[PDB]
>>> print(open('coords-v3.cif').read())   # mmCIF, N, CA and C atoms
data_start
loop_
_atom_site.label_atom_id
_atom_site.label_comp_id
_atom_site.auth_asym_id
_atom_site.auth_seq_id
_atom_site.Cartn_x
_atom_site.Cartn_y
_atom_site.Cartn_z
N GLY Y 1 27.18 14.33 -48.38
CA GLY Y 1 26.05 14.14 -47.48
C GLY Y 1 24.95 15.16 -47.71
N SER Y 2 23.92 15.10 -46.88
CA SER Y 2 22.79 16.02 -47.00
C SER Y 2 22.38 16.55 -45.63
N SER Y 3 21.35 17.40 -45.61
CA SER Y 3 20.86 17.99 -44.37
C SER Y 3 19.60 18.81 -44.62
N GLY Y 4 18.52 18.46 -43.92
CA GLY Y 4 17.27 19.18 -44.08
C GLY Y 4 17.27 20.52 -43.37
N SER Y 5 16.14 20.88 -42.79
CA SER Y 5 16.01 22.15 -42.08
C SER Y 5 15.20 21.98 -40.80
N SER Y 6 15.07 23.06 -40.05
CA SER Y 6 14.33 23.03 -38.79
C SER Y 6 12.99 23.76 -38.93
N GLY Y 7 12.10 23.53 -37.97
CA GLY Y 7 10.79 24.17 -38.01
C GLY Y 7 10.66 25.27 -36.97
N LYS Y 8 9.46 25.42 -36.43
CA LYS Y 8 9.20 26.45 -35.42
C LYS Y 8 9.53 27.84 -35.97
N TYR Y 9 9.39 28.85 -35.12
CA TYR Y 9 9.66 30.22 -35.51
C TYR Y 9 10.71 30.85 -34.59
N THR Y 10 11.53 31.74 -35.16
CA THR Y 10 12.57 32.41 -34.39
C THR Y 10 13.08 33.64 -35.13
N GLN Y 11 13.42 34.68 -34.38
CA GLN Y 11 13.93 35.92 -34.96
C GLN Y 11 15.40 36.12 -34.62
N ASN Y 12 16.19 36.52 -35.61
CA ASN Y 12 17.61 36.74 -35.41
C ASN Y 12 18.11 37.90 -36.28
N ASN Y 13 19.40 38.19 -36.18
CA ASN Y 13 20.00 39.27 -36.96
C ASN Y 13 19.76 39.06 -38.46
N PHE Y 14 19.61 37.80 -38.85
CA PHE Y 14 19.38 37.47 -40.25
C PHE Y 14 18.05 36.75 -40.43
N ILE Y 15 17.40 36.98 -41.56
CA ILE Y 15 16.11 36.36 -41.85
C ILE Y 15 16.16 35.58 -43.16
N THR Y 16 15.58 34.38 -43.15
CA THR Y 16 15.56 33.54 -44.34
C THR Y 16 14.82 34.23 -45.49
N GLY Y 17 15.06 33.75 -46.71
CA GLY Y 17 14.41 34.33 -47.87
C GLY Y 17 12.92 34.07 -47.89
N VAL Y 18 12.54 32.81 -48.03
CA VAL Y 18 11.13 32.44 -48.06
C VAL Y 18 10.39 32.97 -46.84
N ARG Y 19 11.12 33.14 -45.74
CA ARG Y 19 10.53 33.64 -44.51
C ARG Y 19 10.14 35.11 -44.65
N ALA Y 20 10.91 35.84 -45.44
CA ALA Y 20 10.64 37.26 -45.66
C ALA Y 20 9.62 37.46 -46.77
N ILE Y 21 9.61 36.55 -47.74
CA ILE Y 21 8.68 36.62 -48.86
C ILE Y 21 7.26 36.32 -48.41
N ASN Y 22 7.13 35.56 -47.33
CA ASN Y 22 5.83 35.20 -46.79
C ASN Y 22 5.38 36.20 -45.73
N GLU Y 23 6.35 36.78 -45.03
CA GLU Y 23 6.06 37.75 -43.98
C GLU Y 23 5.85 39.14 -44.57
N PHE Y 24 6.87 39.64 -45.26
CA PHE Y 24 6.80 40.96 -45.88
C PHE Y 24 5.92 40.94 -47.12
N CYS Y 25 5.64 39.74 -47.62
CA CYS Y 25 4.81 39.58 -48.80
C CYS Y 25 5.41 40.31 -50.00
N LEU Y 26 6.59 39.87 -50.42
CA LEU Y 26 7.27 40.48 -51.56
C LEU Y 26 7.41 39.49 -52.71
N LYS Y 27 8.17 39.88 -53.73
CA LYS Y 27 8.39 39.03 -54.89
C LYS Y 27 9.76 38.36 -54.82
N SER Y 28 9.89 37.21 -55.48
CA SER Y 28 11.14 36.47 -55.50
C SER Y 28 12.24 37.28 -56.19
N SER Y 29 11.83 38.15 -57.11
CA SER Y 29 12.78 38.98 -57.85
C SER Y 29 13.30 40.12 -56.98
N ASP Y 30 12.49 40.54 -56.02
CA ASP Y 30 12.87 41.62 -55.12
C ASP Y 30 13.94 41.16 -54.13
N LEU Y 31 13.67 40.05 -53.45
CA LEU Y 31 14.60 39.50 -52.48
C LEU Y 31 15.97 39.27 -53.11
N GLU Y 32 15.99 38.57 -54.24
CA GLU Y 32 17.24 38.28 -54.94
C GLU Y 32 17.97 39.57 -55.29
N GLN Y 33 17.21 40.65 -55.45
CA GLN Y 33 17.79 41.95 -55.78
C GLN Y 33 18.66 42.47 -54.65
N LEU Y 34 18.29 42.12 -53.42
CA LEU Y 34 19.04 42.55 -52.24
C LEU Y 34 20.39 41.85 -52.17
N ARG Y 35 21.24 42.31 -51.26
CA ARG Y 35 22.57 41.73 -51.08
C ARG Y 35 22.46 40.27 -50.63
N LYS Y 36 23.22 39.40 -51.29
CA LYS Y 36 23.22 37.98 -50.96
C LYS Y 36 24.38 37.63 -50.03
N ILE Y 37 24.06 37.35 -48.78
CA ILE Y 37 25.08 37.00 -47.79
C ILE Y 37 25.03 35.51 -47.46
N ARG Y 38 26.20 34.88 -47.40
CA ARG Y 38 26.29 33.46 -47.09
C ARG Y 38 27.06 33.24 -45.79
N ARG Y 39 26.99 34.21 -44.89
CA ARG Y 39 27.68 34.12 -43.61
C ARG Y 39 29.17 33.83 -43.81
N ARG Y 40 29.70 34.26 -44.95
CA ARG Y 40 31.11 34.05 -45.26
C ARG Y 40 31.44 32.56 -45.28
N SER Y 41 30.48 31.75 -45.72
CA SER Y 41 30.67 30.31 -45.79
C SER Y 41 31.11 29.75 -44.43
N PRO Y 42 30.17 29.75 -43.47
CA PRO Y 42 30.43 29.25 -42.12
C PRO Y 42 30.62 27.74 -42.08
N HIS Y 43 30.14 27.06 -43.12
CA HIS Y 43 30.26 25.61 -43.21
C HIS Y 43 30.28 25.16 -44.67
N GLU Y 44 31.37 24.50 -45.06
CA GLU Y 44 31.52 24.02 -46.42
C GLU Y 44 31.14 22.54 -46.52
N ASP Y 45 31.13 22.02 -47.74
CA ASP Y 45 30.78 20.62 -47.97
C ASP Y 45 29.38 20.32 -47.45
N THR Y 46 28.53 21.34 -47.43
CA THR Y 46 27.16 21.19 -46.96
C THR Y 46 26.22 22.18 -47.63
N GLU Y 47 25.03 21.72 -47.99
CA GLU Y 47 24.04 22.58 -48.64
C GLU Y 47 23.78 23.83 -47.82
N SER Y 48 24.19 24.98 -48.36
CA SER Y 48 24.00 26.25 -47.68
C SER Y 48 22.83 27.02 -48.27
N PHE Y 49 22.61 28.23 -47.77
CA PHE Y 49 21.52 29.07 -48.25
C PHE Y 49 21.90 30.55 -48.19
N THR Y 50 21.05 31.40 -48.77
CA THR Y 50 21.29 32.83 -48.79
C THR Y 50 20.43 33.55 -47.76
N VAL Y 51 21.05 34.45 -46.99
CA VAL Y 51 20.33 35.21 -45.97
C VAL Y 51 20.33 36.70 -46.29
N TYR Y 52 19.27 37.38 -45.90
CA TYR Y 52 19.15 38.81 -46.15
C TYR Y 52 19.17 39.60 -44.84
N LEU Y 53 19.42 40.90 -44.94
CA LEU Y 53 19.47 41.76 -43.76
C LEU Y 53 18.08 42.28 -43.41
N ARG Y 54 17.70 42.15 -42.15
CA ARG Y 54 16.40 42.61 -41.68
C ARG Y 54 16.18 44.08 -42.06
N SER Y 55 17.24 44.87 -41.95
CA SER Y 55 17.16 46.29 -42.27
C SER Y 55 16.94 46.50 -43.76
N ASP Y 56 17.50 45.60 -44.57
CA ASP Y 56 17.37 45.69 -46.02
C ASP Y 56 15.97 45.27 -46.46
N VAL Y 57 15.53 44.11 -45.99
CA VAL Y 57 14.20 43.60 -46.34
C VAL Y 57 13.11 44.57 -45.92
N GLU Y 58 13.34 45.25 -44.80
CA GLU Y 58 12.37 46.21 -44.28
C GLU Y 58 12.08 47.31 -45.31
N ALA Y 59 13.14 47.96 -45.78
CA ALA Y 59 13.01 49.02 -46.77
C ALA Y 59 12.37 48.50 -48.05
N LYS Y 60 12.72 47.27 -48.42
CA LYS Y 60 12.18 46.65 -49.63
C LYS Y 60 10.66 46.59 -49.58
N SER Y 61 10.11 46.54 -48.37
CA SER Y 61 8.67 46.47 -48.18
C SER Y 61 8.04 47.86 -48.27
N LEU Y 62 8.83 48.88 -47.96
CA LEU Y 62 8.36 50.26 -48.00
C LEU Y 62 8.46 50.82 -49.42
N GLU Y 63 9.47 50.38 -50.15
CA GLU Y 63 9.68 50.84 -51.52
C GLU Y 63 8.66 50.22 -52.47
N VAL Y 64 8.14 49.05 -52.08
CA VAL Y 64 7.16 48.35 -52.90
C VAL Y 64 5.74 48.75 -52.50
N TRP Y 65 5.29 48.27 -51.35
CA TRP Y 65 3.95 48.57 -50.86
C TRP Y 65 3.77 50.08 -50.67
N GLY Y 66 4.88 50.78 -50.44
CA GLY Y 66 4.82 52.21 -50.24
C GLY Y 66 5.06 52.61 -48.80
N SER Y 67 4.47 51.86 -47.88
CA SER Y 67 4.62 52.14 -46.45
C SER Y 67 4.49 50.86 -45.63
N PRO Y 68 5.00 50.91 -44.39
CA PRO Y 68 4.96 49.77 -43.47
C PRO Y 68 3.54 49.46 -42.99
N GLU Y 69 2.65 50.44 -43.12
CA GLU Y 69 1.27 50.27 -42.70
C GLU Y 69 0.51 49.37 -43.66
N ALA Y 70 0.80 49.51 -44.95
CA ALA Y 70 0.15 48.71 -45.98
C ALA Y 70 0.37 47.22 -45.73
N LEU Y 71 1.58 46.87 -45.30
CA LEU Y 71 1.92 45.48 -45.03
C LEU Y 71 1.36 45.03 -43.68
N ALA Y 72 1.41 45.93 -42.70
CA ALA Y 72 0.90 45.63 -41.37
C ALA Y 72 -0.55 45.16 -41.43
N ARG Y 73 -1.28 45.63 -42.44
CA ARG Y 73 -2.68 45.26 -42.61
C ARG Y 73 -2.83 43.75 -42.76
N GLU Y 74 -1.87 43.13 -43.43
CA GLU Y 74 -1.89 41.69 -43.65
C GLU Y 74 -1.25 40.95 -42.48
N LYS Y 75 -0.26 41.58 -41.86
CA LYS Y 75 0.44 40.98 -40.73
C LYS Y 75 -0.51 40.79 -39.55
N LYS Y 76 -1.39 41.77 -39.34
CA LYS Y 76 -2.35 41.71 -38.25
C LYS Y 76 -3.17 40.42 -38.31
N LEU Y 77 -3.75 40.15 -39.47
CA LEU Y 77 -4.56 38.95 -39.66
C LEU Y 77 -3.77 37.70 -39.29
N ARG Y 78 -2.64 37.50 -39.97
CA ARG Y 78 -1.80 36.34 -39.71
C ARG Y 78 -1.43 36.25 -38.23
N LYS Y 79 -1.31 37.40 -37.58
CA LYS Y 79 -0.97 37.46 -36.17
C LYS Y 79 -2.13 36.97 -35.31
N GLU Y 80 -3.28 37.61 -35.45
CA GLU Y 80 -4.47 37.24 -34.69
C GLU Y 80 -4.83 35.78 -34.93
N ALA Y 81 -4.49 35.28 -36.12
CA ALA Y 81 -4.78 33.90 -36.48
C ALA Y 81 -4.24 32.93 -35.43
N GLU Y 82 -2.94 32.99 -35.19
CA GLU Y 82 -2.30 32.12 -34.21
C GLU Y 82 -2.90 32.32 -32.83
N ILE Y 83 -3.17 33.57 -32.48
CA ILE Y 83 -3.75 33.89 -31.18
C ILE Y 83 -5.10 33.21 -31.00
N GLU Y 84 -5.92 33.26 -32.04
CA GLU Y 84 -7.24 32.64 -32.00
C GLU Y 84 -7.14 31.14 -31.77
N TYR Y 85 -6.02 30.56 -32.20
CA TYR Y 85 -5.80 29.12 -32.05
C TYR Y 85 -5.39 28.79 -30.62
N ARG Y 86 -4.24 29.32 -30.20
CA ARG Y 86 -3.74 29.07 -28.85
C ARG Y 86 -4.75 29.51 -27.80
N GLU Y 87 -5.60 30.47 -28.17
CA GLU Y 87 -6.62 30.98 -27.25
C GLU Y 87 -7.51 29.84 -26.75
N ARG Y 88 -8.27 29.25 -27.66
CA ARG Y 88 -9.17 28.15 -27.31
C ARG Y 88 -8.40 27.02 -26.63
N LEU Y 89 -7.12 26.91 -26.95
CA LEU Y 89 -6.28 25.87 -26.37
C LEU Y 89 -5.97 26.17 -24.90
N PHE Y 90 -5.79 27.45 -24.59
CA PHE Y 90 -5.49 27.87 -23.23
C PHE Y 90 -6.56 27.36 -22.26
N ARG Y 91 -7.82 27.67 -22.55
CA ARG Y 91 -8.93 27.25 -21.71
C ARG Y 91 -9.04 25.72 -21.68
N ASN Y 92 -8.63 25.09 -22.78
CA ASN Y 92 -8.69 23.63 -22.88
C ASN Y 92 -7.66 22.98 -21.97
N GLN Y 93 -6.58 23.71 -21.70
CA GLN Y 93 -5.51 23.20 -20.84
C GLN Y 93 -5.84 23.43 -19.37
N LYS Y 94 -6.44 24.58 -19.08
CA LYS Y 94 -6.80 24.92 -17.71
C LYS Y 94 -5.56 25.02 -16.82
N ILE Y 95 -5.73 25.61 -15.64
CA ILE Y 95 -4.63 25.78 -14.71
C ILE Y 95 -4.37 24.48 -13.94
N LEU Y 96 -5.42 23.69 -13.75
CA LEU Y 96 -5.30 22.43 -13.03
C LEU Y 96 -6.63 21.68 -13.03
N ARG Y 97 -6.67 20.56 -12.32
CA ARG Y 97 -7.88 19.75 -12.23
C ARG Y 97 -8.66 20.07 -10.96
N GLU Y 98 -9.92 20.44 -11.12
CA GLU Y 98 -10.77 20.78 -9.99
C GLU Y 98 -12.17 20.17 -10.15
N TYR Y 99 -12.61 19.44 -9.14
CA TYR Y 99 -13.93 18.81 -9.17
C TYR Y 99 -14.05 17.87 -10.37
N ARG Y 100 -15.22 17.26 -10.51
CA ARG Y 100 -15.47 16.34 -11.62
C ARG Y 100 -15.33 17.05 -12.96
N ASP Y 101 -15.13 16.27 -14.02
CA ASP Y 101 -14.98 16.82 -15.36
C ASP Y 101 -15.35 15.78 -16.42
#
>>> encode(input="coords-v3.cif", output="structure tokens")
Amino acid sequence: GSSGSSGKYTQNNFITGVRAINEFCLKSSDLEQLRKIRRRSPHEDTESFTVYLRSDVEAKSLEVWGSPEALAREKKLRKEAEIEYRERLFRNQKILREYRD
């Protein structure tokens, strides 16, 4: 059989690969360099994936960029981006309906 994946965003003890490569902005060769954990094969006969340790990926960003501040510079933008979106949406939703519109 087969099985796709889920969307949305969520933080846990473990972080996906592509999720860290896009967030921490690293190289595919760097991630693979880290320890490859498969949750001790929590489910067989099904397409699995490799997960990395948040603590490990963190250092990988400091050893490359040099410091966590260098990366934060890019994180800020991506962060404010979503805010700028939901922002205009907030006022568009309003608290309720009042008077004509």
>>> resolve_selection(input="coords-v3.cif", expression="the PyMOL selection byres ((chain Y and resi 17-31) around 6)", output="VMD selection string")
chain Y and resid 15 to 16 32 to 34 50 to 52
>>> write_last_selection(input="coords-v3.cif", atoms="N, CA and C atoms", output="compact mmCIF listing (two decimals), keeping the file's coordinate frame")
# COMPACT_ATOMS: atom_id res chain seq x y z
N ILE Y 15 17.40 36.98 -41.56
CA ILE Y 15 16.11 36.36 -41.85
C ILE Y 15 16.16 35.58 -43.16
N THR Y 16 15.58 34.38 -43.15
CA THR Y 16 15.56 33.54 -44.34
C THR Y 16 14.82 34.23 -45.49
N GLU Y 32 15.99 38.57 -54.24
CA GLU Y 32 17.24 38.28 -54.94
C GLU Y 32 17.97 39.57 -55.29
N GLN Y 33 17.21 40.65 -55.45
CA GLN Y 33 17.79 41.95 -55.78
C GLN Y 33 18.66 42.47 -54.65
N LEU Y 34 18.29 42.12 -53.42
CA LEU Y 34 19.04 42.55 -52.24
C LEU Y 34 20.39 41.85 -52.17
N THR Y 50 21.05 31.40 -48.77
CA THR Y 50 21.29 32.83 -48.79
C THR Y 50 20.43 33.55 -47.76
N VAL Y 51 21.05 34.45 -46.99
CA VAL Y 51 20.33 35.21 -45.97
C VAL Y 51 20.33 36.70 -46.29
N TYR Y 52 19.27 37.38 -45.90
CA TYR Y 52 19.15 38.81 -46.15
C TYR Y 52 19.17 39.60 -44.84
>>> closest_residue(input="coords-v3.cif", among="Y:9, Y:85, Y:14, Y:99", to="residue 56 in chain Y", atoms="only C-alpha atoms")
Y:14
>>> select_by_dssp(input="coords-v3.cif", residues="range 15-95 of chain Y", states="strand (DSSP E)", output="JSON, numbers by chain")
{"Y": [15, 16, 51, 52, 53]}
>>> resolve_selection(input="coords-v3.cif", expression="the PyMOL selection byres (((chain Y and resi 46 and name CA) around 9) and name CA)", output="PyMOL selection string")
chain Y and resi 1-3+43-45+47-48
>>> atom_distance(input="coords-v3.cif", atom1="CA of residue 36 in chain Y", atom2="atom N of residue 58 in chain Y")
13.7 Å
>>> residues_near_point(input="coords-v3.cif", point="(4.7, 43.6, -41.2)", cutoff="9 Å", atoms="only C-alpha atoms", output="ChimeraX atom specification")
/Y:23-25,58,61,68-76
>>> select_by_dssp(input="coords-v3.cif", residues="chain Y", states="alpha helix (DSSP H)", output="JSON, numbers by chain")
{"Y": [17, 18, 19, 20, 21, 22, 23, 28, 29, 30, 31, 32, 33, 54, 55, 56, 57, 58, 59, 60, 61, 62, 63, 64, 68, 69, 70, 71, 72, 73, 74, 75, 76, 77, 78, 79, 80, 81, 82, 83, 84, 85, 86, 87, 88, 89, 90, 91, 92, 93]}
>>> atom_distance(input="coords-v3.cif", atom1="CA of residue 57 in chain Y", atom2="CA of residue 35 in chain Y")
9.8 Å
